[PDB]
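# Structure at a glance
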Amino acid sequence: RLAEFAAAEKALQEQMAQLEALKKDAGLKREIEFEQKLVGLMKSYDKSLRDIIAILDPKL
Amino acid sequence: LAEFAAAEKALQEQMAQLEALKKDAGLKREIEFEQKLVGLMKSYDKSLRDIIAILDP
């Protein structure tokens, strides 16, 4: 009568697993759009990585 | 010839004006880049670290 709370708890632990799979796919999606969006801005303004560092933080 | 000095001088006046507009345009282009860059880094919660890592791994 308790190994029915124990099993419910396993079903949730599984849905938690699927959420994290989904979460990681979104994360990855967002990483690739940043990467593309970054590179495309750098291309349009003719900016290098050194330029970016120069702009945001010359001495790090 | 002093007709070509009137035309010459109006051409200079305009080159001056363009040189001025082009300085402004460089400044503004630089600001746009930086504002866009920072906007995108905020949208995606990215830092300079992350950028260095993506472009120079």
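### As for the overall build of chain B
- Of regular secondary structure, chain B possesses 2 helices and 0 strands.
- Taken against the 2.2 N^0.38 rule, which gives 10 Å for 57 residues, the C-alpha radius of gyration of chain B at 22 Å runs more than 25% over that of a compact globule.
- For chain B, the spread of C-alpha atoms along the principal axes amounts to about 65 × 20 × 10 Å.

### Observations concerning the nonpolar core
- In this structure, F34(A), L38(A), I52(A), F33(B), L37(B), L48(B) and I51(B) are the most contacted members of the largest nonpolar core, which totals 16 residues.
- Elements represented by at least two residues in this core include exactly α1 (5-45) and α2 (49-56) of chain A together with α1 (3-43) and α2 (48-55) of chain B.
- Of all the elements, α1(A) adds the most residues to this core, at 5 residues.
- Setting aside residues up to four positions removed in sequence, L48(B) forms contacts with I52(A), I53(A), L56(A), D57(A) and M41(B).

### Considerations on the UniProt feature "coiled-coil region" (unreviewed entry) in chain A
- Under the present numbering, the feature "coiled-coil region" (unreviewed entry) in UniProt falls on residues 2-29 of chain A.
- Secondary structure content for residues 2-29 of chain A is 89% helix and 0% strand, and the end C-alpha separation is 41 Å.

### Quick word on the packing of α2(A) against α2(B)
- Two elements in contact, α2(A) and α2(B), have axes whose closest approach is 11 Å; the angle formed by their N-to-C orientations is 170 degrees. Judged by the angle between their axes, α2(A) and α2(B) are roughly antiparallel. On α2(B), the residues that touch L49(A), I52(A), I53(A) and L56(A) of α2(A) are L48(B), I51(B), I52(B) and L55(B).

### As for the side chain of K47(A)
- Summarising the element assignment, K47(A) is placed in the loop between α1 and α2.
- A distance of 2.9 Å separates polar atoms of two side chains, one belonging to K47(A) and the other to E30(B).
- Discounting residues that sit within four places of it in the chain, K47(A) has contacts with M42(A), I55(A), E30(B) and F33(B).

### A word on the environment of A21(A)
Residue and element names in this part refer to chain A.
- Relative to the helices and strands, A21 resides in helix α1.
- The class for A21 is partly exposed, based on a relative accessible area of 40%.
- When the C-alpha positions of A21 and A8 are compared, they lie 20 Å apart, and in sequence the two are 13 residues distant.

### A few points about the pattern of salt bridges
Residue and element names in this part refer to chain A.
- For the structure shown, the criterion picks out 4 salt bridges over all chains.
- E20 is the partner of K23 in a salt bridge, and the nearest nitrogen-oxygen pair spans 3.8 Å. Linking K23 with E20, this pair stays in helix α1, spanning 3 residues, or about one helical turn.
- In this structure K23 comes out as exposed when scored by relative accessible area, which is 56%.
- Overall, the relative accessible area of 35% leaves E20 in the partly exposed class.
- We note a salt bridge from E33 to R30, for which the minimum N-O separation is 3.9 Å. Of this pair, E33 and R30 both sit in helix α1, 3 residues apart, which is roughly one turn of the helix.
- Taking relative accessible area as the criterion, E33 reaches 29% and is therefore assigned partly exposed.

Rules used in this analysis
- Residues numbered from 1 in each chain as written, not as in the entry; some residues may be left out.
- Chains lettered and ligands numbered in written order.
- Heavy atoms only, no water.
- Residues with missing side-chain atoms left out of burial classes, pairs and counts.
- Helix = DSSP H or I, 4+ residues; strand = E, 2+ residues; numbered from the N terminus.
- Rg over C-alpha atoms; globule rule 2.2 N^0.38 Å.
- Core = buried A, V, L, I, M, F, W, Y, C linked by side-chain atoms within 4.5 Å.
- Buried < 20%, exposed > 50% of the residue type's maximum accessible area, 1.4 Å probe, protein only.
- Contact = heavy atoms within 4.5 Å.
- UniProt positions renumbered as here; feature names shortened; annotations may be inferred.
- Axes fitted to C-alpha atoms, helices over the stretch in contact; angles between N-to-C directions.
- Parallel < 35°, antiparallel > 145°, perpendicular 65-115°, else oblique.
- Polar contact = N/O pair within 3.5 Å; in protein donor to acceptor, adjacent residues only side chain to side chain.
- Salt bridge = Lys/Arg side-chain N within 4 Å of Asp/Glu carboxyl O.

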